[PDB]
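To keep things clear, I will list the structure first and then write my remarks on it.
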Amino acid sequence: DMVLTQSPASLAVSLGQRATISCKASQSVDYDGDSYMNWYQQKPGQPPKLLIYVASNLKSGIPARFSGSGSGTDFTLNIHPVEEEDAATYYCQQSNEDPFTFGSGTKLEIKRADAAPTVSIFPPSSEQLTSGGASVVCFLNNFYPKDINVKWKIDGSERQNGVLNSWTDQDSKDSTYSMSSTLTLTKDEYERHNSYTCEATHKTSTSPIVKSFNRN
Amino acid sequence: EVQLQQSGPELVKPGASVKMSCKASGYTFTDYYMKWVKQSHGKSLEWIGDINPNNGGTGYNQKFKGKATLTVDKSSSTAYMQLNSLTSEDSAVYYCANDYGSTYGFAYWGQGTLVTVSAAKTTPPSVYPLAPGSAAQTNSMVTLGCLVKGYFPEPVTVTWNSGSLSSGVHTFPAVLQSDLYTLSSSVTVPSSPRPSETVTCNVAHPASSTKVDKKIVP
Numbered sequence: 384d385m386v387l388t389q390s391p392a393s394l395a396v397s398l399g400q401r402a403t404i405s406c407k408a409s410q411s412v413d414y415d416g417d418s419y420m421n422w423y424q425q426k427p428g429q430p431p432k433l434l435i436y437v438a439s440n441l442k443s444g445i446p447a448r449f450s451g452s453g454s455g456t457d458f459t460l461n462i463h464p465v466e467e468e469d470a471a472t473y474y475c476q477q478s479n480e481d482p483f484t485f486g487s488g489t490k491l492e493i494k495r496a497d498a499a500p501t502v503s504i505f506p507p508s509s510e511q512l513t514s515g516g517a518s519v520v521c522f523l524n525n526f527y528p529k530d531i532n533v534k535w536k537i538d539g540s541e542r543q544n545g546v547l548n549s550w551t552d553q554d555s556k557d558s559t560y561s562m563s564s565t566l567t568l569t570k571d572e573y574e575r576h577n578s579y580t581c582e583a584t585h586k587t588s589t590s591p592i593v594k595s596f597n598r599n
Numbered sequence: 044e045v046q047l048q049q050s051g052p053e054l055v056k057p058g059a060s061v062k063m064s065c066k067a068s069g070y071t072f073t074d075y076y077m078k079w080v081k082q083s084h085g086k087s088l089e090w091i092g093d094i095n096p097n098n099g100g101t102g103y104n105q106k107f108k109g110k111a112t113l114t115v116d117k118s119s120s121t122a123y124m125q126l127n128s129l130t131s132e133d134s135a136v137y138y139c140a141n142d143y144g145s146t147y148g149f150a151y152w153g154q155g156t157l158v159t160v161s162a163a164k165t166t167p168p169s170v171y172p173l174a175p176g177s178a179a180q181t182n183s184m185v186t187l188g189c190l191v192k193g194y195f196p197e198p199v200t201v202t203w204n205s206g207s208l209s210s211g212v213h214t215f216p217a218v219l220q221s222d223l224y225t226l227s228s229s230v231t232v233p234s235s236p237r238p239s240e241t242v243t244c245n246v247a248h249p250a251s252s253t254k255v256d257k258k259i260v261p
């Protein structure tokens, strides 16, 4: 089997800049003067999208910002200028021989201006409590960079376990991330405390963003 | 427009087998080869094999010879793939594609089929609405949430207002608490909308034909 090594693995690039992804086939993928290497774009949640086929052909409908090059065993995909809708994982795939092979992929992240998350905390729904469960949910929307912390405080003290965080992939419209944290306790543990705080921190800093509520 | 419609998700017991379909339209079914790719959680694509709709010709990636079994049905322009003796490794997403336009690659793809190989029983989700609870309400945006917790297996489709609301939505990826799944979605709307105009969240869990419409009230 032929090995397709993509490089780099991850790459951050500011809007308008240039993005260059490499692909190195272990063998040659030329055949009668044509290099059979294709490139796909894949945004989280959907099937890959054919961008460029046979090394340098831009599929009809693809923005001219994209452009492939290379031959033999070394190929390159070029994006200029980079846009918000480009944050995705990219793949080169050889069609030269059995079995068809895909590259190890390259995630493309967009750099932008630091942005504060929009925290919103939610107490447990009556429905949920009735069944002996209490899930406090905290939404930290549209922040940047992806590196953020979330500390949960119950009656002043920090709650360690019972937390479940889930990040969103970088937005296609504004290049921001979002995260959801859920502190899950039992109706008993919940009913025996009053103040529930959810606070976010950006890497180091010191000035957090808090949100809280009282059981009344 | 060439169109490839793949079957719904599947939860299969390990050791068993499963068959998925891929309905083609918008083109001469026999003219083009039908190809199959598998992609796994951590994301990484693998070619399974191709099939010649015309004569039932078949091409298999050595790894999948014996595991996959491509088949086709001319009269219905439908492609089939059968996976035998499933094991947890076979838990992934399978796409069917074709080279309409002869780009010598994979030009068109289906939307995928998620197969979960597991001895576990399917558990429906518990849909809980998330309301602010006596908060802001004066020309200032308001965030609402819907918590979908304790379900199995993946996936679940959350929607806001049958789909009228697409902007402001943020559906987070499911996490695995215990041996169950939990995800949540949020939607930001102008103070005008709610509580005035109705805001519902519609959760659907295919594996169990579970359809819920929880209304977000204050």
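Chains as they are written, first to last, in my numbering: chain R, 384 to 599; chain Z, 44 to 261.
A virtual CB, placed ideally from N, CA and C, is assigned to each residue, including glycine.
Starting from the C-beta of residue i, find all residues in its chain whose C-beta is less than 6 angstroms away, skip the five residues before and the five after it, and write them out in chain order.
i	result
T112/Z	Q125
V255/Z	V170, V246
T73/Z	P96, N97
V55/Z	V61, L129, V160
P507/R	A517, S518
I259/Z	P172, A174, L187, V242
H213/Z	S229
Please state the DSSP three-state secondary structure of residue i.
i	result
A499/R	coil
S439/R	coil
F483/R	coil
residue 347/R	Lying outside 384 to 599, the shown extent of chain R, residue 347/R is not represented and no answer is given.
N421/R	strand
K110/Z	coil
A163/Z	coil
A178/Z	coil
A402/R	strand
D142/Z	coil
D457/R	strand
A150/Z	coil
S118/Z	helix
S131/Z	helix
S251/Z	helix
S239/Z	helix
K407/R	strand
Quick check: the Cα distance between residue i and residue j, rounded to an integer number of angstroms?
i	j	result
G153/Z	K586/R	40 angstroms
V533/R	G455/R	49 angstroms
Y123/Z	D384/R	26 angstroms
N461/R	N182/Z	44 angstroms
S563/R	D481/R	44 angstroms
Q424/R	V546/R	34 angstroms
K81/Z	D116/Z	21 angstroms
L157/Z	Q220/Z	20 angstroms
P591/R	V502/R	11 angstroms
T559/R	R495/R	8 angstroms
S235/Z	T241/Z	11 angstroms
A217/Z	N548/R	10 angstroms
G416/R	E89/Z	27 angstroms
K66/Z	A150/Z	16 angstroms
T231/Z	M77/Z	42 angstroms
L398/R	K529/R	17 angstroms
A408/R	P430/R	23 angstroms
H463/R	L523/R	32 angstroms
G176/Z	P233/Z	16 angstroms
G155/Z	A392/R	25 angstroms
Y147/Z	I435/R	11 angstroms
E197/Z	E132/Z	16 angstroms
Sort out for me which residues DSSP pairs residue i with in a bridge.
i	result
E492/R	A395/R
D256/Z	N245/Z
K192/Z	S169/Z, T225/Z
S209/Z	In DSSP, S209/Z forms no bridge with anything.
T214/Z	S228/Z
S595/R	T580/R
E53/Z	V158/Z
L187/Z	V230/Z
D413/R	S418/R
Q476/R	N421/R, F485/R
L434/R	Answer is none; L434/R lacks a bridge partner.
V201/Z	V246/Z
Looking only at its chain, what residues have a beta carbon closer than 8 angstroms to the beta carbon of residue i, apart from the 5 residues adjacent to it on each side?
i	result
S595/R	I504, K536, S578, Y579, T580, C581
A162/Z	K56, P57
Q476/R	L387, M420, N421, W422, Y423, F483, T484, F485, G486
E467/R	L398, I493, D554, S555, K556, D557, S558
Within the same chain, show all residues whose beta-carbon is closer than 7 angstroms to that of residue i, passing over the 5 residues directly before and after it, in chain order.
i	result
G92/Z	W79, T101, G102, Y103, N104, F107, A111, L113
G515/R	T569, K570
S68/Z	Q46, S120
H248/Z	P167, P168, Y194, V199
Listing by chain order, which chain A residues have their CB less than 9 angstroms from the CB of residue i?
i	result
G488/R	Considering every chain present, this structure includes no chain A. Its protein chains are R and Z.
Practice task
List in chain order: all unbroken alpha helix (DSSP H) runs of 4+ residues lying wholly within the stretch 508-578 of chain R.
Solution key: 509-513, 570-574
Handout entry: Every unbroken beta strand (DSSP E) inside the stretch 58-108 of chain Z [3 residues or more]
Key = 61-68, 77-82, 88-95, 100-103
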